[PDB]
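Engineer: Sharing a structure with you now.
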Amino acid sequence: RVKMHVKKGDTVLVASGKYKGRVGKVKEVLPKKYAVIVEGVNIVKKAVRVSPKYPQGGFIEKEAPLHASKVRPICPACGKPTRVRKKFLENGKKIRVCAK
Amino acid sequence: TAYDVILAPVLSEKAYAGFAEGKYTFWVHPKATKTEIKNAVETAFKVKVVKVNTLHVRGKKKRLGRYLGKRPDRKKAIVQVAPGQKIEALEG
Amino acid sequence: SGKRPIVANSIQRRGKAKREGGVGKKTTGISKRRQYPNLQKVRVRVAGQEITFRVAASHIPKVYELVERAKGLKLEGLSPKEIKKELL
RNA sequence: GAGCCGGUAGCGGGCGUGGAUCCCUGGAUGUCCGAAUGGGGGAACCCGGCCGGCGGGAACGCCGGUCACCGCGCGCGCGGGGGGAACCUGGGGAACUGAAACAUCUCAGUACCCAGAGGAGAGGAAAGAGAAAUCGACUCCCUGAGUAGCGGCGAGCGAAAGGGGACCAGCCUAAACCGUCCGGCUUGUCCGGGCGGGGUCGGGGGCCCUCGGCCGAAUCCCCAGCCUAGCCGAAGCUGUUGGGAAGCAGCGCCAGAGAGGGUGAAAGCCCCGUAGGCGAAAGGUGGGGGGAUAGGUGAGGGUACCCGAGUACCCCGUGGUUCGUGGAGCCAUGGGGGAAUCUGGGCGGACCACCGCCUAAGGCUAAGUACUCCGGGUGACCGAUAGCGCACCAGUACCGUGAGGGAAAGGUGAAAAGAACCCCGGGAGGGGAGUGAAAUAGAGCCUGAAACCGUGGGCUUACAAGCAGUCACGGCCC
RNA sequence: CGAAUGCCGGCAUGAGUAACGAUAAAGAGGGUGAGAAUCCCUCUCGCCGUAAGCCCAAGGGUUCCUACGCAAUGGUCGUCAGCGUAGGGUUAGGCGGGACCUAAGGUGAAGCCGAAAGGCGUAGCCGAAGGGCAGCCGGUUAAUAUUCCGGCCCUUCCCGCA
RNA sequence: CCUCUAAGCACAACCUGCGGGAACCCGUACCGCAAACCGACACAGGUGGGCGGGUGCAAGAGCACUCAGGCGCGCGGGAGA
Ligand SMILES: [Mg+2]
Ligand SMILES: [Mg+2]
Ligand SMILES: [Mg+2]
Ligand SMILES: [Mg+2]
Ligand SMILES: [Mg+2]
Ligand SMILES: [Mg+2]
Ligand SMILES: [Mg+2]
Ligand SMILES: [Mg+2]
Ligand SMILES: [Mg+2]
Ligand SMILES: [Mg+2]
Ligand SMILES: [Mg+2]
Ligand SMILES: [Mg+2]
Ligand SMILES: [Mg+2]
Ligand SMILES: [Mg+2]
Ligand SMILES: [Mg+2]
Ligand SMILES: [Mg+2]
Ligand SMILES: [Mg+2]
Ligand SMILES: [Mg+2]
Ligand SMILES: [Mg+2]
Ligand SMILES: [Mg+2]
Ligand SMILES: [Mg+2]
Ligand SMILES: [Mg+2]
Ligand SMILES: [Mg+2]
Ligand SMILES: [Mg+2]
Ligand SMILES: [Mg+2]
Ligand SMILES: [Mg+2]
Ligand SMILES: [Mg+2]
Ligand SMILES: [Mg+2]
Ligand SMILES: [Mg+2]
Ligand SMILES: [Mg+2]
Ligand SMILES: [Mg+2]
Ligand SMILES: [Mg+2]
Ligand SMILES: [Mg+2]
Ligand SMILES: [Mg+2]
Ligand SMILES: [Mg+2]
Ligand SMILES: [Mg+2]
Ligand SMILES: [Mg+2]
Ligand SMILES: [Mg+2]
Ligand SMILES: [Mg+2]
Ligand SMILES: [Mg+2]
Ligand SMILES: [Mg+2]
Ligand SMILES: [Mg+2]
Ligand SMILES: [Mg+2]
Ligand SMILES: [Mg+2]
Ligand SMILES: [Mg+2]
Ligand SMILES: [Mg+2]
Ligand SMILES: [Mg+2]
Ligand SMILES: [Mg+2]
Ligand SMILES: [Mg+2]
Ligand SMILES: [Mg+2]
Ligand SMILES: [Mg+2]
Ligand SMILES: [Mg+2]
Ligand SMILES: [Mg+2]
Ligand SMILES: [Mg+2]
Ligand SMILES: [Mg+2]
Ligand SMILES: [Mg+2]
Ligand SMILES: [Mg+2]
Ligand SMILES: [Mg+2]
Ligand SMILES: [Mg+2]
Ligand SMILES: [Mg+2]
Ligand SMILES: [Mg+2]
Ligand SMILES: [Mg+2]
Ligand SMILES: [Mg+2]
Ligand SMILES: [Mg+2]
Ligand SMILES: [Mg+2]
Ligand SMILES: [Mg+2]
Ligand SMILES: [Mg+2]
Ligand SMILES: [Mg+2]
Ligand SMILES: [Mg+2]
Ligand SMILES: [Mg+2]
Ligand SMILES: [Mg+2]
Ligand SMILES: [Mg+2]
Ligand SMILES: [Mg+2]
Ligand SMILES: [Mg+2]
Ligand SMILES: [Mg+2]
Ligand SMILES: [Mg+2]
Ligand SMILES: [Mg+2]
Ligand SMILES: [Mg+2]
Ligand SMILES: [Mg+2]
Ligand SMILES: [Mg+2]
Ligand SMILES: [Mg+2]
Ligand SMILES: [Mg+2]
Ligand SMILES: [Mg+2]
Ligand SMILES: [Mg+2]
Ligand SMILES: [Mg+2]
Ligand SMILES: [Mg+2]
Ligand SMILES: [Mg+2]
Ligand SMILES: [Mg+2]
Ligand SMILES: [Mg+2]
Ligand SMILES: [Mg+2]
Ligand SMILES: [Mg+2]
Ligand SMILES: [Mg+2]
Ligand SMILES: [Mg+2]
Ligand SMILES: [Mg+2]
Ligand SMILES: [Mg+2]
Ligand SMILES: [Mg+2]
Ligand SMILES: [Mg+2]
Ligand SMILES: [Mg+2]
Ligand SMILES: [Mg+2]
Ligand SMILES: [Mg+2]
Ligand SMILES: [Mg+2]
Ligand SMILES: [Mg+2]
Ligand SMILES: [Mg+2]
Ligand SMILES: [Mg+2]
Ligand SMILES: [Mg+2]
Ligand SMILES: [Mg+2]
Ligand SMILES: [Mg+2]
Ligand SMILES: [Mg+2]
Ligand SMILES: [Mg+2]
Ligand SMILES: [Mg+2]
Ligand SMILES: [Mg+2]
Ligand SMILES: [Mg+2]
Ligand SMILES: [Mg+2]
């Protein structure tokens, strides 16, 4: 509904914060909190588990949601918002112009 | 609507003692809930059930609201002496 | 009371007075209470077969007009419905 | 059109670009109670009958139908029954109040109860209004007008005409007569009963021979359009302090879009959007647009046929209208007397005579108007004691037998990164470590005042007296 | 905003003060536990014993029982609890009700009367710790037991045979 | 329950035994003179029925003690105004 947004599980630039400009991979959309996770915010989760298994070695702990109004998608371009081209039967996301 | 009656058995330390005389107490569908579910247990487990009893159990609970699940009827078969079968002896 | 061929009863005020009255001298009123003027009602008995009405007794000639009839039908036992719906 | 399996956080369990999750529309299943409707019932439960189905079985079972009561027509069938925040009509209908007491009166035909009805209801086509050789249905709004009036002529209540507007529309029925038909009888070339045909101030109609003649529904199928999902929707990059930029600066760009929200803050150009423009297979919806149907086309002159009956009119009793008995008409009508059908009948405010007006005792009739449970937007509307009583799991907890009353209770941060690991402790709670920009932002956690309660420091008091202060000096740490 | 014996919220003071809810009454030794007069056990002591003991209805509803707990509730403490968490637990042809009956009283076809709501009311139906109806004794787990089981007996119905 | 006949059936229908079968819904835990009911309280109050032992005093559901059973009343320790 309103909950649909920029893009889906592809590679995408983030222009947010500390990671102002970082091309991350496939992004794993959240989106009820309107975020993705993609590759940027990598903050440490100081948690054991809920089920006590394979205990604490190091923390290379996982990512964070990264609110999705700052993940600029990519094509042979940089940024350039998505658009809709329909071609009489489909609905494809073509950027401000390069292609694709 | 014959296998929508016998809802579930109960693993319990009392209904492990049902295998010495009289086969195990199932939670039955607490409405449409007759003691003549003998043709709901022998049509399900291919036995010849002599006697069935009946109940009404399982009241309240906290965490903000009441009635722990349901109030489901549950009872048994006093099925004929050793047609007691149908792999039930697992867990007890 | 009832209706059977007419409209139901009404509600009146009373309007007492204690005076001389205008064409003599000064007038007045006293107390405006609700007399409840139940209309004139008479159980009338006619011989369709045994039929009974609560008719208004300014309408007893009207129910005899309703009886001076032959509405083509025999007895179900009670039948004032066909006498009152074949009224005009 | 790529993520989902609701408010999921956890079992990990699956499911999706051969189309899911969702949203809308149409079905299906809808247990039980409830108008409850098979009967009973202390609602959510019991107990049935008939038919059809599973030693699953003839007995107890369960399934799926059907079994209330009332109203309308010919055992047979179509409706009704209850609910709804207000809105409306009718039947009833107070009292506190005000009169500076109070009874008439007012409050008030208000509140409330009951019935009814629907998206509206009401009313409605003149037996009208009242001064004009006039207006021409009804309703609503503004004027009229606080006028005319009513009024213990006190308190107060208070029109209507006219005139501006909105809206617009007129019609069916015995305004008799002909045939039909169960039977009525004194078989009557005829009584009333159902239809049917006639009938609506070439003043009306029916009947008697000139002169022949289609407008258009409120009703019906249609179609836009409207909703009920949505969709496409323009254009900004870099550097900078920073936790973070959109802030600042430079170089731009869109604009039928510079409404707003969120984005780590201050974003026209990141997102959602907005301007603008598309979109309905399915259902509701709707002459707004055109289509047909149903209906409408004794103009004449006559033989006095018919123009709605216990009704009009008169009296008694009252209500309504401005009208409280008054000079009391009118409109309704509870009692009593009781007519005529156009040289009829009513009205024009006692009444009477002229002059007018208009046809009662049968019914329907859109539209404009009131309303706001509902959906949307709008705010010199509120921002958690406010706004609804409820921003939150609230008509809840709690109180009450009951009707009923009826609360409080929002905010971590950008993101849970919601504190791994130690150490004390039984744990709670801490102290480290860690997170984060910030942790006296650490979890019912933003800011977090004051009352209050502590701890540390300065001055000060144990021969003092006071509405606690103030002025004056003096002493002592800043 | 300073007053309304104002309202809502907070915190005082009273105050470590009155009380702690029966003048039936406690004492000790072991446990358990981090911690104990309060929990468990033992051994005395006391108290009721026409109850302060058992059983059933009324009512309350899971308080029952077991295990993990102790912030909260226990007028103290608490390892305990009836409190929190989770899991178990209530078995009936014979007990009590309904597939039976009526009493008062409801409801109520018919019928009556009311402006409407509705008020009556015959039959009928509902209506119960009253009538009627077939059960006694023992054991078992942590909880149920006239229900489970063991013995003996009995009742209704339906079918078949005589 | 016993009985008599109407309707009806007298190829039924009841009755007595003997064989088999079927026996449904709800209640059932626990407290129940109380810390679990009613009194805002683990409240000295209220609460219906049944059993309510023994010995003694003339009897007794009294009273005194005490079986069985159940409690010491969910604050105590002092001191001796
Ligand atoms: Mg498609
Ligand atoms: Mg049972
Ligand atoms: Mg509980
Ligand atoms: Mg007067
Ligand atoms: Mg009055
Ligand atoms: Mg008479
Ligand atoms: Mg889910
Ligand atoms: Mg699909
Ligand atoms: Mg699907
Ligand atoms: Mg769905
Ligand atoms: Mg089905
Ligand atoms: Mg029913
Ligand atoms: Mg009933
Ligand atoms: Mg019931
Ligand atoms: Mg078969
Ligand atoms: Mg069969
Ligand atoms: Mg049925
Ligand atoms: Mg029809
Ligand atoms: Mg209704
Ligand atoms: Mg008054
Ligand atoms: Mg007064
Ligand atoms: Mg007075
Ligand atoms: Mg008035
Ligand atoms: Mg209308
Ligand atoms: Mg009308
Ligand atoms: Mg007219
Ligand atoms: Mg006006
Ligand atoms: Mg006018
Ligand atoms: Mg006008
Ligand atoms: Mg017109
Ligand atoms: Mg005739
Ligand atoms: Mg006609
Ligand atoms: Mg002629
Ligand atoms: Mg069309
Ligand atoms: Mg179109
Ligand atoms: Mg849409
Ligand atoms: Mg778009
Ligand atoms: Mg855009
Ligand atoms: Mg900065
Ligand atoms: Mg902003
Ligand atoms: Mg901020
Ligand atoms: Mg913005
Ligand atoms: Mg648009
Ligand atoms: Mg359509
Ligand atoms: Mg279509
Ligand atoms: Mg319509
Ligand atoms: Mg007329
Ligand atoms: Mg007369
Ligand atoms: Mg007159
Ligand atoms: Mg006067
Ligand atoms: Mg004349
Ligand atoms: Mg007239
Ligand atoms: Mg006139
Ligand atoms: Mg007159
Ligand atoms: Mg005049
Ligand atoms: Mg209308
Ligand atoms: Mg209007
Ligand atoms: Mg809204
Ligand atoms: Mg404000
Ligand atoms: Mg605001
Ligand atoms: Mg608040
Ligand atoms: Mg509030
Ligand atoms: Mg606040
Ligand atoms: Mg709530
Ligand atoms: Mg209560
Ligand atoms: Mg935040
Ligand atoms: Mg800790
Ligand atoms: Mg705080
Ligand atoms: Mg704070
Ligand atoms: Mg100090
Ligand atoms: Mg001195
Ligand atoms: Mg001194
Ligand atoms: Mg002095
Ligand atoms: Mg104050
Ligand atoms: Mg004052
Ligand atoms: Mg003041
Ligand atoms: Mg206070
Ligand atoms: Mg205090
Ligand atoms: Mg003192
Ligand atoms: Mg003291
Ligand atoms: Mg004391
Ligand atoms: Mg003693
Ligand atoms: Mg003793
Ligand atoms: Mg226990
Ligand atoms: Mg504590
Ligand atoms: Mg405590
Ligand atoms: Mg322990
Ligand atoms: Mg517990
Ligand atoms: Mg038995
Ligand atoms: Mg019995
Ligand atoms: Mg039954
Ligand atoms: Mg009965
Ligand atoms: Mg009786
Ligand atoms: Mg009655
Ligand atoms: Mg009956
Ligand atoms: Mg009984
Ligand atoms: Mg009895
Ligand atoms: Mg027990
Ligand atoms: Mg028991
Ligand atoms: Mg015996
Ligand atoms: Mg059986
Ligand atoms: Mg028991
Ligand atoms: Mg007792
Ligand atoms: Mg007790
Ligand atoms: Mg209590
Ligand atoms: Mg009290
Ligand atoms: Mg106590
Ligand atoms: Mg007590
Ligand atoms: Mg007593
Ligand atoms: Mg003695
Ligand atoms: Mg005694
Ligand atoms: Mg105590
Ligand atoms: Mg003493």
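Just so you know, the sequences run in chain order U, T and X. Letter by letter, the first sequence follows residues 2 to 101 in the entry's author numbering. Letter by letter, the second sequence follows residues 3 to 94 in the entry's author numbering. Letter by letter, the third sequence follows residues 8 to 95 in the entry's author numbering. Cβ coordinates follow ideal geometry from the N, Cα and C atoms, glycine included.
Let me check understanding here. Comparing Cα to Cα, which of X:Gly-36, X:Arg-52, X:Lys-91 and X:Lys-88 lies closest to X:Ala-24?
Structural biologist: Here residue 24 of chain X refers to the residue found at position 17 when the third sequence is read from its first residue. Ranking the options by Cα distance to X:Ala-24, first place goes to X:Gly-36.
Engineer: With U:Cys-76 and U:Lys-101 assumed to form a contact (beta carbons below 8 Å), what rounded beta-carbon distance in angstroms separates them?
Structural biologist: On the first sequence, position 75 is the one that residue 76 of chain U refers to. On the first sequence, position 100 is the one that residue 101 of chain U refers to. Right, the Cβ-Cβ distance comes to about 5 Å (below 8 Å), so this counts as a contact.
Engineer: Mind checking which residues open and close the beta strand (DSSP E) that includes T:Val-30?
Structural biologist: Your numbering for residue 30 of chain T matches position 28 in the second sequence. From DSSP, the beta strand (DSSP E) with T:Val-30 extends over 28-30.
Engineer: Would residue 1 of chain U and U:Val-13 be called neighbours here (beta carbons separated by less than 8 Å)?
Structural biologist: The requested residue 1 of chain U does not occur in the structure, where chain U is confined to residues 2 to 101.
Engineer: Answer yes if the segment 45-60 of chain T comes into contact with the segment 13-20 of chain T, meaning at least three C-beta pairs across the two stretches below 8 Å, and no otherwise.
Structural biologist: Because the criterion of three Cβ pairs below 8 Å is not met, the segment 13-20 of chain T and the segment 45-60 of chain T do not touch.
Engineer: Beta carbon of X:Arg-52, beta carbon of X:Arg-20: below 8 Å?
Structural biologist: Stepping through the third sequence from its first residue, residue 52 of chain X is reached at position 45. Stepping through the third sequence from its first residue, residue 20 of chain X is reached at position 13. Result no, Cβ atoms of X:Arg-52 and X:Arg-20 do not sit closer than 8 Å.
Engineer: Kindly examine ligand 4 and report whether one of its heavy atoms sits closer than 7 Å to the Cβ of X:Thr-35.
Structural biologist: Taking the first residue of the third sequence as position 1, residue 35 of chain X is located at position 28. Correct: X:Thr-35 has its Cβ closer than 7 Å to ligand 4.
Engineer: Could you tell me the boundaries of the beta strand (DSSP E) in which U:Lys-21 lies?
Structural biologist: To locate residue 21 of chain U, count along the first sequence from 1; it is residue 20. That run of the beta strand (DSSP E) goes 21-25.
Engineer: So for T:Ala-46, helix, strand or coil by DSSP?
Structural biologist: Within the second sequence, the letter at position 44 stands for residue 46 of chain T. It is helical.
Engineer: I'd like the list of long-range same chain contacts for X:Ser-38, defined as Cβ closer than 6 Å, with 5 residues on each side in sequence excluded.
Structural biologist: If you number the third sequence from 1, residue 38 of chain X lands on position 31. Same-chain partners within the cutoff: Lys-23.
Engineer: Let me confirm a value: U:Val-49 is counted as buried when at least 16 other C-beta atoms fall within 10 Å, else exposed. Which label applies?
Structural biologist: Start at 1 with the first residue of the first sequence, and residue 49 of chain U comes out as number 48. It counts as exposed.
Engineer: Can you tell me whether U:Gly-93 is helix, strand or coil according to DSSP?
Structural biologist: Working through the first sequence from its first residue, we reach residue 93 of chain U at position 92. Of the three classes helix, strand and coil, the one that applies to U:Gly-93 here is strand, per DSSP.
Engineer: I want to know whether the segment 77-92 of chain T touches the segment 23-38 of chain T - three or more CB-CB distances under 8 Å.
Structural biologist: Cβ pair count under 8 Å is three or more, so yes.
Engineer: Measure the CB-CB distance between U:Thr-83 and U:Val-24 and report whether it falls below 8 Å.
Structural biologist: Here residue 83 of chain U corresponds to residue number 82 of the first sequence, with the count starting at 1. Here residue 24 of chain U corresponds to residue number 23 of the first sequence, with the count starting at 1. Not in contact: U:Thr-83 and U:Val-24 (Cβ atoms no closer than 8 Å).
Engineer: On the criterion of 16 or more Cβ atoms from any shown chain inside 10 Å, does T:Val-83 qualify as buried, or is it exposed?
Structural biologist: For the purposes of this step, residue 83 of chain T is taken as residue 81 along the second sequence, with counting starting at 1. T:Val-83 comes out exposed.
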